[PDB]
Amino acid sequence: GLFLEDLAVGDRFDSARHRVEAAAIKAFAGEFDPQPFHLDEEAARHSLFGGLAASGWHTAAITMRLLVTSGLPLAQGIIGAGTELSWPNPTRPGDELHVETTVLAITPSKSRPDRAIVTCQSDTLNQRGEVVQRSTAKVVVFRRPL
């Protein structure tokens, strides 16, 4: 349960792991990203992904779950204002993902000194050390109440 006072530029955090399976890729895709390359193994082969890949939005959702449950231990939760998002490598069925987060900057509110905008860079990696997602997010973090 970390508050603003416990954070410092350069702090690194690590989440537990999550295994991505084919059926979970199709279940999420079927509901929020129903495109051939995320729904069918044959149709995916003939796409840029050349094989089943998870929706970037499915990888982003799994990243938030890992962040919330283990990766970013904020006592008052994770409240995002915005983020710079990129997916360098596809997320594949069978992949073990975990997130590595680094605090890049802390910028206290001039107007409201009991909180700051903390820039957190989360890199979601598979077992091969490749980055399947980088999210440079600005989170709102308050100091521990009195």
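One-based numbering along the sequence shown.
J.: May I ask you to compare 111 to 119 and 93 to 101 by their mean CA B factor in the entry and name the higher one?
T.: So the stretch with the higher mean C-alpha B-factor is 111 to 119.
J.: If you average the CA temperature factors over each stretch, which comes out higher, 61 to 69 or 39 to 47?
T.: Result of the comparison: 39 to 47.
J.: Could you place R12 in the lowest, middle or highest third of its chain by Cα temperature factor, using the values in the record?
T.: CA B-factor rank for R12: highest third.
J.: Please place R19 in the lowest, middle or highest third of its chain according to the CA B-factor in the PDB entry.
T.: Middle third of the chain for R19's C-alpha B-factor.
J.: Classify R134 as lowest, middle or highest third according to the C-alpha B-factor given in the PDB entry, relative to its own chain.
T.: Its C-alpha B-factor belongs to the lowest third of this chain's values.
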